[PDB]
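Have a look at the structure below, then the notes.
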Amino acid sequence: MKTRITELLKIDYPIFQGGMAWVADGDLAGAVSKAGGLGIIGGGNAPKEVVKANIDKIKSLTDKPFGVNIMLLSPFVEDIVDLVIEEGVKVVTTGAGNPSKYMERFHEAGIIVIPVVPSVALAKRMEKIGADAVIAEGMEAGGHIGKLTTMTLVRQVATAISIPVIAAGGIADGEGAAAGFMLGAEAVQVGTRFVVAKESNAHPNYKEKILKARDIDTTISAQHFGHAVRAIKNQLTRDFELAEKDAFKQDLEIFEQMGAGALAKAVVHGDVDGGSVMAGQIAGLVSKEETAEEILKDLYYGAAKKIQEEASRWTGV
Amino acid sequence: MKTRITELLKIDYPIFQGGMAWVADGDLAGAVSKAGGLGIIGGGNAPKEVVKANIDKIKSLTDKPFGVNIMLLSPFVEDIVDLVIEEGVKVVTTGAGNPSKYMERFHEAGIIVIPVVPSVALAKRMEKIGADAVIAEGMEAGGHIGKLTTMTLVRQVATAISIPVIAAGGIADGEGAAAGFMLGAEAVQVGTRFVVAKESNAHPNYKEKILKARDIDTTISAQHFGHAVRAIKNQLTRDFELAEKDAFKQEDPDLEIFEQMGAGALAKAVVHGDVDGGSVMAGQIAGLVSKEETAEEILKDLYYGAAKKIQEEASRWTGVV
Ligand SMILES: Cc1cc2nc3c(=O)[nH]c(=O)nc-3n(C[C@H](O)[C@H](O)[C@H](O)COP(=O)(O)O)c2cc1C
Ligand SMILES: Cc1cc2nc3c(=O)[nH]c(=O)nc-3n(C[C@H](O)[C@H](O)[C@H](O)COP(=O)(O)O)c2cc1C
Ligand SMILES: [Ca+2]
Ligand SMILES: [Ca+2]
Ligand SMILES: [Ca+2]
Ligand SMILES: [Ca+2]
Ligand SMILES: [Ca+2]
Ligand SMILES: [Ca+2]
């Protein structure tokens, strides 16, 4: 099997392990890339020397292609742009910001550029400015979310643009992967499930929170401030929502002191009470710690089996 | 081809036209059932005589199975429950409320019961009290919504229960329908796209709102009150939002403003085409809906479009083991 994504990126599986701040370090990304998917380092708000450490690590683990996810509103964005070009990174994905500032520079260096998009208008603009592909990420995803769901966003984006679309948000098995393809995506991006990979350095407490999570255990915080974040319910989200209910009755320092280094606390130190346990709605389905390779194969061969089984049921229609 | 749903309901297509208040009358439901899908009358908050008129209409149009969607918190719920038994309706779907009260009564009558569920826990409980199937409706759906999306809800519900699951929310072409099947659904339920059916009596202004909508043109109203409703943005949604913000700043706000804005809002839009002051309920998939077609053409696009997509993807994936 081939897709425009497998062919453009020269990878065996049409599966990205999503760039994730703190979680997506060299070890995790390396494991995914070695296994045949696209590992992606989460640049987040890390300065150059930190991101370089992860790139050094991945290059020591595998020679296969990998991505770096750049957060464009990072105070260190200019350094991270330098770094990926300096290091010969094959693929860049970008969060919310303005990739147009960097597009020609990336392309003059030979980098493939794949912005994350929350809307049809944004996907069309990304295509217009020369993006090689886009990731359509549903609001069910972990982390900073838009408003459209994977079902409706992926379908509408795939219809609107000619460049390949990668479905992200809510995918944690072969069935979910296959659905993504049915909507018109040519690859899938998986986040939540990769956090519990054996090669993931997410604290055991963070992984445990995902493993034990029910379907209904995520919530959206900070929606009223225009910075909606999806995470597993805990003391932080409760205290945050309590303070939001308060604020809607009327001071924003209480929120940024509540949120300051929240993700790091959880991922690195396993403070899953006071930290931010970002994860998607599909956390409910994620129930086993497995190797990155095992996850990739389950996603890929699970998709294949489901598609073949369903094709059999639908033959002659 | 057949699924457990086509077998249970004795219909040709594993496709429901979802019950919709005001929009899903006998004409639309009749047209869908006649063409081989499951038409479903929207009971809404209507009294017995109004719902009966719709049942009488379908029966005059087709002998084929149809459903009635019952809103369990309606002041006339007991009468609508009477009505569906009295008229020998084959299927009942249930939106709002817990149908446990009525489950044995429906089954003694021989009715197939299919509750709409927003969670794994509720799906499992519907299963154990005897539901014949469940509809897993994603938050992208038009109307009163839960929090889980179609991608995540359908998948988790299908893995959790043995009874068949129907995917609803965000489906408006063969690709969306095929996706629902991949997630483990054995039928799909479609709302938004059936609103623009030629046989739909939604006012031309209402249809035009859906047809011109973009992907980002829906919004959720009344979340601060805990009463989430998805609709196309308009003066009503702007008014409700501004009023909501203002109310929460007051010690003792007059909540009559909200019941005056919302009362009969859907009916105003659907029957009379007040798409500025009325409620234009519609799903996020409204942006994809671009064509007025017959119920049959919509059914066939969904069904044969799904078959085509599955066959195309099978050709891409064949031999992968
Ligand atoms: C812990 C965590 C951190 C994330 N951080 C980022 C990020 O820094 N940049 C970004 O573009 N996406 C971020 N995401 C989104 C993922 O890259 C991915 O698209 C998403 O997790 C897919 O949805 P899923 O979680 O349902 O699989 C993050 C997700 C998680 C779970
Ligand atoms: C105008 C409109 C009215 C609706 N009214 C009801 C209702 O009364 N009861 C119910 O269970 N669902 C109601 N729904 C939801 C549908 O029955 C169906 O599940 C939903 O529209 C499917 O999602 P979709 O709009 O993305 O196709 C309504 C939907 C719309 C668009
Ligand atoms: Ca995001
Ligand atoms: Ca396309
Ligand atoms: Ca390790
Ligand atoms: Ca509903
Ligand atoms: Ca099942
Ligand atoms: Ca008519």
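Please treat every number below as a calculation from the coordinates, not as lab data. Cβ atoms come from the backbone with ideal geometry, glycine included; neighbour counts cover every protein chain shown.
List the residues whose amide H sits under 5 Å from the amide H of A:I112, counting only those 5 or more places along or on another chain, with H placed 1.01 Å from N in the peptide plane.
Here A:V91, A:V92 satisfy the definition.
Can you spot the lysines whose alpha carbon is less than 18 Å from B:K59's alpha carbon? Ignore those fewer than 8 places along the same chain.
Once the sequence-local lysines are set aside, what remains near B:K59 is B:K10, B:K34, B:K48, B:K90.
Rg(Cα) of chain A divided by 2.2 N^0.38 Å?
0.95
Going by Cα centres, segment B:12-45 and segment A:134-210 are how many Å apart?
That distance is 33 Å.
Take every residue in peptide B:307-317, count the Cβ atoms of other chains within 10 Å of its Cβ, and give the average of those counts.
Counting Cβ atoms of other protein chains within 10 Å of each residue's Cβ and averaging gives 6.
Which of B:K249, B:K57, B:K291 moves most in a GNM of chain B, Cα contacts under 10 Å?
In the Gaussian network model the winner is B:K249.
Looking at chain B as a GNM with Cα springs under 10 Å, which of B:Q311, B:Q235, B:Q250 has the largest mean-square fluctuation?
Judging by the Gaussian network model, the answer is B:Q250.
Which whole-Hz couplings ³J(HN,Hα) result when phi for each residue of segment A:94-99 is put into the Karplus expression 6.51 cos²θ - 1.76 cosθ + 1.60, θ = phi - 60°, listed in order with x for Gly and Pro?
10, x, 6, x, 10, x
Sort A:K306, B:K124, A:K128 by Cβ crowding within 10 Å, fewest neighbours at the top.
So the ranking, lowest neighbour count to highest, is A:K128, B:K124, A:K306.
Restricting to chain A, compute how many DSSP beta bridges are antiparallel as a %, nearest 5.
Of those bridges, close to 20 percent are antiparallel.
Taking H placed 1.01 Å from N in the peptide plane, check which residues at least 5 places from A:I15 or on another chain put their amide H under 5 Å from its amide H.
A:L38, A:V188
Under a 10 Å cutoff between Cα atoms, tell me which one of B:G180, B:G18, B:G287 has the largest fluctuation in the Gaussian network model of chain B.
B:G287
Using each residue's phi in segment B:291-305, evaluate 6.51 cos²θ - 1.76 cosθ + 1.60 at θ = phi - 60° and report the 3J(HN,Hα) Karplus result to the nearest Hz, with x for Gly and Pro.
In residue order, the calculated couplings are 9, 8, 9, 6, 3, 4, 4, 4, 3, 5, 4, 4, 6, 6, x Hz.
Would you be so kind as to identify which of B:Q189, B:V271, B:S162 lies farthest towards the positive end of the dipole of segment B:2-321, taking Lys and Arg as +1 and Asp and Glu as -1 on Cβ and the Cα centre as origin?
Checking the options against the dipole of segment B:2-321, the answer is B:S162.
Just how large is the dipole of segment A:2-317 about the Cα centre, in debye to the nearest 20, putting +1 at every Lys and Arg Cβ and -1 at every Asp and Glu Cβ?
720
What is the average number of partner chain Cβ atoms found within 10 Å of a Cβ in A:208-220?
Average per residue, whole number: 3.
From the P(r) of the protein assembly as shown, could you give the percentage of C-alpha pairs in the tail past 50 Å?
When every Cα pair of the protein assembly as shown is considered, 10 percent fall beyond 50 Å.
Using each residue's phi in segment B:56-65, evaluate 6.51 cos²θ - 1.76 cosθ + 1.60 at θ = phi - 60° and report the 3J(HN,Hα) Karplus result to the nearest Hz, with x for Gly and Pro.
Once θ is set to phi - 60°, the couplings for segment B:56-65 become 4, 5, 4, 4, 6, 8, 7, 8, 5, x Hz.
I need to check one value: relative contact order of segment B:2-321, counting alpha carbon pairs closer than 8 Å and at least 6 residues apart, in percent.
RCO, segment B:2-321: 17 percent.
Please list the non-local residues whose amide H lies under 5 Å from the amide H of A:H144, H modeled 1.01 Å from N, same-chain partners needing a gap of 5 or more.
Close amide H contacts, sequence-distant or interchain: A:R230.
Could you pull out which residues in segment A:1-35 have an amide N less than 13 Å from a spot 7 Å beyond the Cα of A:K59, following the Cα-Cβ vector?
Those under the cut-off are none; the list is empty.
Any number yet on Rg/Rh for segment B:108-157, C-alpha, Kirkwood?
When Rh is taken as the Kirkwood radius, the ratio is 1.01.
Quick one: work out Rg over Rh on the C-alpha atoms of segment A:160-317, Rh as Kirkwood radius.
1.07
Charges on Cβ only, +1 for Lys and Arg, -1 for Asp and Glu, centred on the Cα centroid of segment A:2-317; of A:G259, A:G95, A:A247, which one is farthest towards the dipole's positive end?
Final value for the positive-end residue is A:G95.
Give me the number: length gained by fully extending B:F225 to B:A109, i.e. 0.36 nm times residue separation minus the C-alpha to C-alpha distance, one decimal in nm.
That works out to 38.0 nm of additional length.
Roughly how many debye, to the nearest 20, is the charge dipole of the protein assembly as shown about its Cα centre, given +1 on each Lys and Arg Cβ, -1 on each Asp and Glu Cβ, and no other charges?
1240
Between the alpha-carbon centers of segment B:234-306 and segment A:216-273, tell me the distance in whole angstrom.
A separation of 31 Å, based on Cα centres.
Quick one: dipole size for segment A:25-129, taken about the Cα centre, charges +1 on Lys/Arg Cβ and -1 on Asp/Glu Cβ, in debye to the nearest 20.
So the magnitude is around 380 debye.
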